[PDB]
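The structure file structure.cif is reproduced below (mmCIF, C-alpha atoms and all ligand atoms).
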data_query
#
loop_
_atom_site.group_PDB
_atom_site.id
_atom_site.type_symbol
_atom_site.label_atom_id
_atom_site.label_comp_id
_atom_site.auth_asym_id
_atom_site.auth_seq_id
_atom_site.Cartn_x
_atom_site.Cartn_y
_atom_site.Cartn_z
ATOM 1 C CA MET M 1 80.486 84.933 55.115
ATOM 2 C CA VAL M 2 80.428 86.490 58.635
ATOM 3 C CA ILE M 3 79.975 84.030 61.509
ATOM 4 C CA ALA M 4 80.137 86.602 64.314
ATOM 5 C CA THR M 5 81.188 90.143 65.140
ATOM 6 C CA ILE M 6 82.095 90.586 68.811
ATOM 7 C CA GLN M 7 82.689 94.054 70.217
ATOM 8 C CA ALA M 8 85.807 93.717 72.376
ATOM 9 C CA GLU M 9 84.204 95.447 75.342
ATOM 10 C CA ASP M 10 81.317 92.894 75.359
ATOM 11 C CA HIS M 11 83.339 90.379 77.385
ATOM 12 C CA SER M 12 81.743 88.307 80.150
ATOM 13 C CA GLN M 13 85.004 88.313 82.156
ATOM 14 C CA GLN M 14 88.348 90.141 81.871
ATOM 15 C CA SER M 15 91.668 90.755 83.600
ATOM 16 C CA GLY M 16 93.822 93.886 83.652
ATOM 17 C CA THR M 17 92.051 96.149 81.125
ATOM 18 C CA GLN M 18 89.578 98.999 80.965
ATOM 19 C CA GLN M 19 87.030 100.319 78.501
ATOM 20 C CA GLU M 20 87.367 103.734 76.866
ATOM 21 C CA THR M 21 85.574 105.709 74.145
ATOM 22 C CA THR M 22 86.783 105.126 70.589
ATOM 23 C CA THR M 23 86.754 107.542 67.639
ATOM 24 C CA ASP M 24 86.895 104.650 65.160
ATOM 25 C CA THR M 25 84.095 104.307 62.572
ATOM 26 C CA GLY M 26 80.802 103.571 64.352
ATOM 27 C CA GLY M 27 82.032 105.034 67.643
ATOM 28 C CA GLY M 28 81.295 103.188 70.872
ATOM 29 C CA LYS M 29 84.082 101.749 73.015
ATOM 30 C CA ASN M 30 87.389 99.946 72.766
ATOM 31 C CA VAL M 31 89.397 97.941 75.260
ATOM 32 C CA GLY M 32 92.550 99.701 76.411
ATOM 33 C CA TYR M 33 95.380 99.449 78.945
ATOM 34 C CA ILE M 34 96.368 96.029 77.630
ATOM 35 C CA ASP M 35 99.581 94.441 78.957
ATOM 36 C CA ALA M 36 101.268 91.029 79.091
ATOM 37 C CA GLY M 37 99.072 88.622 81.070
ATOM 38 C CA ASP M 38 95.825 90.532 80.533
ATOM 39 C CA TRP M 39 92.871 88.708 78.957
ATOM 40 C CA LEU M 40 89.300 88.957 77.679
ATOM 41 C CA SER M 41 86.674 86.192 77.845
ATOM 42 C CA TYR M 42 83.605 85.868 75.623
ATOM 43 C CA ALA M 43 82.324 82.705 77.359
ATOM 44 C CA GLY M 44 78.974 84.425 78.005
ATOM 45 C CA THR M 45 78.322 84.647 74.251
ATOM 46 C CA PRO M 46 79.150 81.273 72.685
ATOM 47 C CA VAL M 47 79.640 81.323 68.920
ATOM 48 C CA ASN M 48 78.497 78.508 66.655
ATOM 49 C CA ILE M 49 80.907 77.142 64.063
ATOM 50 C CA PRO M 50 78.852 75.392 61.358
ATOM 51 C CA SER M 51 81.600 73.054 60.100
ATOM 52 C CA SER M 52 85.143 72.002 61.002
ATOM 53 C CA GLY M 53 87.870 73.778 59.069
ATOM 54 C CA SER M 54 89.579 77.067 58.314
ATOM 55 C CA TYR M 55 88.197 80.376 59.634
ATOM 56 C CA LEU M 56 89.525 83.907 59.212
ATOM 57 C CA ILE M 57 89.753 85.886 62.462
ATOM 58 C CA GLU M 58 89.939 89.683 62.137
ATOM 59 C CA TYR M 59 90.911 92.173 64.853
ATOM 60 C CA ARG M 60 90.264 95.931 64.766
ATOM 61 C CA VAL M 61 93.349 97.344 66.493
ATOM 62 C CA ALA M 62 95.280 100.549 67.222
ATOM 63 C CA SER M 63 98.836 100.880 68.552
ATOM 64 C CA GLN M 64 101.107 103.893 69.134
ATOM 65 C CA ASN M 65 104.439 102.044 69.209
ATOM 66 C CA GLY M 66 103.762 98.456 68.086
ATOM 67 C CA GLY M 67 105.326 95.417 69.772
ATOM 68 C CA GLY M 68 102.068 93.756 70.833
ATOM 69 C CA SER M 69 100.808 90.214 70.311
ATOM 70 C CA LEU M 70 97.771 88.124 71.287
ATOM 71 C CA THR M 71 96.641 84.512 71.486
ATOM 72 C CA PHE M 72 93.136 83.536 70.301
ATOM 73 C CA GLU M 73 91.858 80.514 72.196
ATOM 74 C CA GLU M 74 88.982 78.932 74.015
ATOM 75 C CA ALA M 75 88.051 80.745 77.255
ATOM 76 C CA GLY M 76 90.152 79.240 80.034
ATOM 77 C CA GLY M 77 93.309 78.896 77.926
ATOM 78 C CA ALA M 78 92.893 75.728 75.843
ATOM 79 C CA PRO M 79 92.738 74.735 73.105
ATOM 80 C CA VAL M 80 94.717 77.570 71.557
ATOM 81 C CA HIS M 81 93.642 78.482 68.003
ATOM 82 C CA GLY M 82 96.321 80.969 66.918
ATOM 83 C CA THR M 83 98.571 83.962 67.555
ATOM 84 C CA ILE M 84 99.036 87.301 65.829
ATOM 85 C CA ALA M 85 101.454 90.247 66.024
ATOM 86 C CA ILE M 86 99.913 93.710 66.334
ATOM 87 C CA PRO M 87 101.691 96.381 64.284
ATOM 88 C CA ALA M 88 102.132 100.067 65.080
ATOM 89 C CA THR M 89 99.286 102.005 63.459
ATOM 90 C CA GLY M 90 100.457 105.565 64.220
ATOM 91 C CA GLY M 91 98.365 106.237 67.301
ATOM 92 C CA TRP M 92 96.060 104.986 70.037
ATOM 93 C CA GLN M 93 92.995 105.895 67.936
ATOM 94 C CA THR M 94 94.407 105.206 64.463
ATOM 95 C CA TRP M 95 92.641 101.970 63.514
ATOM 96 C CA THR M 96 93.361 99.098 61.159
ATOM 97 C CA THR M 97 92.068 95.558 60.681
ATOM 98 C CA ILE M 98 94.520 92.654 60.929
ATOM 99 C CA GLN M 99 93.760 88.983 60.300
ATOM 100 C CA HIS M 100 94.921 85.382 60.464
ATOM 101 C CA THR M 101 93.523 81.898 59.873
ATOM 102 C CA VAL M 102 92.895 79.177 62.415
ATOM 103 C CA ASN M 103 91.301 75.738 62.405
ATOM 104 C CA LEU M 104 88.065 75.405 64.390
ATOM 105 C CA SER M 105 85.965 72.351 65.202
ATOM 106 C CA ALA M 106 82.233 72.383 64.454
ATOM 107 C CA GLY M 107 79.883 73.292 67.289
ATOM 108 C CA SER M 108 79.592 75.822 70.081
ATOM 109 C CA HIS M 109 82.760 77.730 71.056
ATOM 110 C CA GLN M 110 83.515 79.998 73.988
ATOM 111 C CA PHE M 111 86.350 82.238 72.830
ATOM 112 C CA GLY M 112 89.022 84.150 74.740
ATOM 113 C CA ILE M 113 91.966 86.448 74.003
ATOM 114 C CA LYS M 114 95.233 86.496 75.981
ATOM 115 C CA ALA M 115 97.659 89.399 75.568
ATOM 116 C CA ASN M 116 101.230 88.102 75.307
ATOM 117 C CA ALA M 117 102.597 91.640 75.006
ATOM 118 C CA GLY M 118 100.812 94.979 75.401
ATOM 119 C CA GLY M 119 100.913 98.291 73.560
ATOM 120 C CA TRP M 120 97.597 98.096 71.671
ATOM 121 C CA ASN M 121 93.847 98.802 71.822
ATOM 122 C CA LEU M 122 91.073 96.492 70.560
ATOM 123 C CA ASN M 123 87.679 97.624 69.168
ATOM 124 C CA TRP M 124 86.132 94.373 67.898
ATOM 125 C CA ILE M 125 86.823 90.860 66.581
ATOM 126 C CA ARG M 126 85.187 89.149 63.600
ATOM 127 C CA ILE M 127 85.039 85.467 62.657
ATOM 128 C CA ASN M 128 84.552 84.692 58.963
ATOM 129 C CA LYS M 129 84.229 81.616 56.786
ATOM 130 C CA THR M 130 86.922 80.938 54.185
ATOM 131 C CA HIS M 131 84.967 78.092 52.617
HETATM 132 O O1 LIG W 201 90.981 82.514 77.654
HETATM 133 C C1 LIG W 201 91.253 83.729 78.317
HETATM 134 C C2 LIG W 201 91.685 83.467 79.761
HETATM 135 O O2 LIG W 201 90.687 82.736 80.442
HETATM 136 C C3 LIG W 201 90.894 82.627 81.837
HETATM 137 O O3 LIG W 201 89.880 81.801 82.438
HETATM 138 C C4 LIG W 201 88.696 82.502 82.770
HETATM 139 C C5 LIG W 201 87.638 82.352 81.678
HETATM 140 O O4 LIG W 201 88.039 83.026 80.505
HETATM 141 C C6 LIG W 201 86.315 82.929 82.167
HETATM 142 O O5 LIG W 201 85.300 82.752 81.200
HETATM 143 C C7 LIG W 201 85.917 82.263 83.479
HETATM 144 O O6 LIG W 201 84.632 82.784 83.870
HETATM 145 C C8 LIG W 201 83.910 81.929 84.735
HETATM 146 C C9 LIG W 201 83.620 82.707 86.015
HETATM 147 O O7 LIG W 201 84.811 82.846 86.757
HETATM 148 C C10 LIG W 201 82.564 82.019 86.872
HETATM 149 O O8 LIG W 201 82.168 82.890 87.906
HETATM 150 C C11 LIG W 201 81.350 81.644 86.031
HETATM 151 O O9 LIG W 201 80.418 80.948 86.829
HETATM 152 O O10 LIG W 201 81.767 80.820 84.965
HETATM 153 C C12 LIG W 201 82.616 81.484 84.049
HETATM 154 C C13 LIG W 201 82.892 80.542 82.883
HETATM 155 O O11 LIG W 201 81.727 80.423 82.099
HETATM 156 O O12 LIG W 201 86.928 82.518 84.435
HETATM 157 C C14 LIG W 201 88.187 81.954 84.104
HETATM 158 C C15 LIG W 201 89.212 82.220 85.207
HETATM 159 O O13 LIG W 201 88.586 82.367 86.461
HETATM 160 C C16 LIG W 201 92.249 81.998 82.153
HETATM 161 O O14 LIG W 201 92.520 82.133 83.532
HETATM 162 C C17 LIG W 201 93.383 82.635 81.354
HETATM 163 O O15 LIG W 201 94.559 81.873 81.508
HETATM 164 C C18 LIG W 201 93.010 82.718 79.881
HETATM 165 O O16 LIG W 201 94.030 83.400 79.190
HETATM 166 CA CA CA W 202 96.551 96.278 81.829
HETATM 167 CA CA CA W 203 84.013 98.277 70.263
#

Translate this structure into structure tokens?
Amino acid sequence: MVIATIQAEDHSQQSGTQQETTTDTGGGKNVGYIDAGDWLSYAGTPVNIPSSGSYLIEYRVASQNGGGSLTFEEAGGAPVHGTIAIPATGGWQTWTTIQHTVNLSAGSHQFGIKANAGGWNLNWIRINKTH
């Protein structure tokens, strides 16, 4: 049911953030120092959506104090697919997976993430079928 897993650090463009080592399962890196206005683009790795309809988007996140939120969209800002609040997890390297649904059109997508409020780290994103 997995369409794509995208490691958050594997962006083709970004604004305002920096990579750091993660102690989450699998190791590697996460994106940190996320604040309002910051963004991540995955335009360099287009993802194919096989059919129009509902998809589940998952985010592997960590947050010391909570208060964060993001917008999932096409790279460049539009169309916007959805928004999600990012809860406190207990620490900067205490990880949990959050999710929401969005509608996506069939075909090739270039995704982006805009931080509306900071306070969180991001390890990876996953796009899944519902259907
Ligand atoms: O959706 C996230 C944010 O996107 C920002 O636009 C950027 C795109 O995400 C990014 O992919 C694009 O990259 C260009 C690159 O600048 C150019 O050198 C190359 O030839 O083509 C790439 C596109 O394939 O850059 C833009 C901004 O310059 C929005 O600015 C932001 O609002 C939005 O949240
Ligand atoms: Ca920042
Ligand atoms: Ca990662």

Contact residues around residue 100 of chain M with all atoms listed in the file at 7 Å, ignoring same-chain residues under 4 positions, as a ChimeraX atom specification: /M:56-58

When the PyMOL selection byres (((chain M and resi 65) around 10) and not hetatm) is applied to the file above, which residues end up in the set, as a short mmCIF file (atom, residue, chain, number, x, y, z; two decimals) with C-alpha atoms, in the coordinates of the input?
data_model
loop_
_atom_site.label_atom_id
_atom_site.label_comp_id
_atom_site.auth_asym_id
_atom_site.auth_seq_id
_atom_site.Cartn_x
_atom_site.Cartn_y
_atom_site.Cartn_z
CA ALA M 62 95.28 100.55 67.22
CA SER M 63 98.84 100.88 68.55
CA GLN M 64 101.11 103.89 69.13
CA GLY M 66 103.76 98.46 68.09
CA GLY M 67 105.33 95.42 69.77
CA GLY M 68 102.07 93.76 70.83
CA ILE M 86 99.91 93.71 66.33
CA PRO M 87 101.69 96.38 64.28
CA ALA M 88 102.13 100.07 65.08
CA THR M 89 99.29 102.00 63.46
CA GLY M 90 100.46 105.56 64.22
CA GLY M 91 98.36 106.24 67.30
CA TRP M 92 96.06 104.99 70.04
CA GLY M 119 100.91 98.29 73.56
CA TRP M 120 97.60 98.10 71.67
#

Selected residue, from M:81, M:126, M:109, M:114, that lies nearest to ligand CA 203 (chain W) when counting only C-alpha atoms and all ligand atoms: M:126

Closest atom pairs, residues of chain M within 8 Å of ligand CA 202 (chain W), all atoms listed in the file, as a Markdown table:
| residue | atom | partner | partner_atom | distance |
| --- | --- | --- | --- | --- |
| M:15 | CA | W:CA202 | CA | 7.6 |
| M:16 | CA | W:CA202 | CA | 4.1 |
| M:17 | CA | W:CA202 | CA | 4.6 |
| M:18 | CA | W:CA202 | CA | 7.5 |
| M:32 | CA | W:CA202 | CA | 7.6 |
| M:33 | CA | W:CA202 | CA | 4.4 |
| M:34 | CA | W:CA202 | CA | 4.2 |
| M:35 | CA | W:CA202 | CA | 4.6 |
| M:36 | CA | W:CA202 | CA | 7.6 |
| M:38 | CA | W:CA202 | CA | 5.9 |
| M:118 | CA | W:CA202 | CA | 7.8 |

Resolved residues for the PyMOL selection byres (((not hetatm)) within 10 of (chain W and resi 201)) as a PyMOL selection string: chain M and resi 11-15+37-46+70-80+110-116

Write the selection just made, keeping C-alpha atoms, as an mmCIF file, in the coordinates of the input?
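Saved file part_31.cif follows:
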data_model
loop_
_atom_site.group_PDB
_atom_site.id
_atom_site.type_symbol
_atom_site.label_atom_id
_atom_site.label_comp_id
_atom_site.auth_asym_id
_atom_site.auth_seq_id
_atom_site.Cartn_x
_atom_site.Cartn_y
_atom_site.Cartn_z
ATOM 1 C CA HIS M 11 83.339 90.379 77.385
ATOM 2 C CA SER M 12 81.743 88.307 80.150
ATOM 3 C CA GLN M 13 85.004 88.313 82.156
ATOM 4 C CA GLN M 14 88.348 90.141 81.871
ATOM 5 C CA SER M 15 91.668 90.755 83.600
ATOM 6 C CA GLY M 37 99.072 88.622 81.070
ATOM 7 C CA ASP M 38 95.825 90.532 80.533
ATOM 8 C CA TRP M 39 92.871 88.708 78.957
ATOM 9 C CA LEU M 40 89.300 88.957 77.679
ATOM 10 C CA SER M 41 86.674 86.192 77.845
ATOM 11 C CA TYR M 42 83.605 85.868 75.623
ATOM 12 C CA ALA M 43 82.324 82.705 77.359
ATOM 13 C CA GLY M 44 78.974 84.425 78.005
ATOM 14 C CA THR M 45 78.322 84.647 74.251
ATOM 15 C CA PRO M 46 79.150 81.273 72.685
ATOM 16 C CA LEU M 70 97.771 88.124 71.287
ATOM 17 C CA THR M 71 96.641 84.512 71.486
ATOM 18 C CA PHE M 72 93.136 83.536 70.301
ATOM 19 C CA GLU M 73 91.858 80.514 72.196
ATOM 20 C CA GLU M 74 88.982 78.932 74.015
ATOM 21 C CA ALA M 75 88.051 80.745 77.255
ATOM 22 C CA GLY M 76 90.152 79.240 80.034
ATOM 23 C CA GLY M 77 93.309 78.896 77.926
ATOM 24 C CA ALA M 78 92.893 75.728 75.843
ATOM 25 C CA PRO M 79 92.738 74.735 73.105
ATOM 26 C CA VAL M 80 94.717 77.570 71.557
ATOM 27 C CA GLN M 110 83.515 79.998 73.988
ATOM 28 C CA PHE M 111 86.350 82.238 72.830
ATOM 29 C CA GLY M 112 89.022 84.150 74.740
ATOM 30 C CA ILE M 113 91.966 86.448 74.003
ATOM 31 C CA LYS M 114 95.233 86.496 75.981
ATOM 32 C CA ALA M 115 97.659 89.399 75.568
ATOM 33 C CA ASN M 116 101.230 88.102 75.307
#

Given 7 Å and all atoms listed in the file, residues near ligand CA 203 (chain W) as JSON, numbers by chain: {"M": [7, 8, 9, 28, 29, 30, 123, 124]}

Residues selected by the PyMOL selection byres (((chain M and resi 4) around 10) and not hetatm), written as an MDAnalysis selection string: chainID M and resid 1:3 5:7 46:49 57 125:129

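Here atom CA of residue 54 of chain M and atom CA of residue 105 of chain M stand 9.1 Å from one another.
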
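Using only C-alpha atoms for every distance, the candidate list M:20, M:53, M:131, M:61 yields M:61 as the residue closest to residue 96 of chain M.
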
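Taking atom CA of residue 26 of chain M and atom CA of residue 95 of chain M as the two end points, the separation is 12.0 Å.
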
Distance of atom CA of residue 130 of chain M from atom CA of residue 22 of chain M, expressed in Å to one decimal place: 29.2 Å

Exercise on segment 95-112 of chain M, axis-aligned box with 3 Å per side, report centre and edge lengths in Å to one decimal, as lines of an AutoDock Vina configuration file:
center_x = 87.3
center_y = 87.2
center_z = 67.3
size_x = 21.3
size_y = 35.6
size_z = 20.9

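Taking all atoms listed in the file into account, residue 10 of chain M lies nearest to M:31 out of the set M:98, M:84, M:31, M:117.
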
Proximity to residue 50 of chain M - best of M:108, M:121, M:23, M:101, only C-alpha atoms: M:108

Among the residues M:51, M:21, M:93, M:69, the one that comes closest to residue 106 of chain M [using all atoms listed in the file]: M:51

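Distances from M:122, M:82, M:19, M:59 to residue 97 of chain M were compared using all atoms listed in the file, and the smallest one belongs to M:59.
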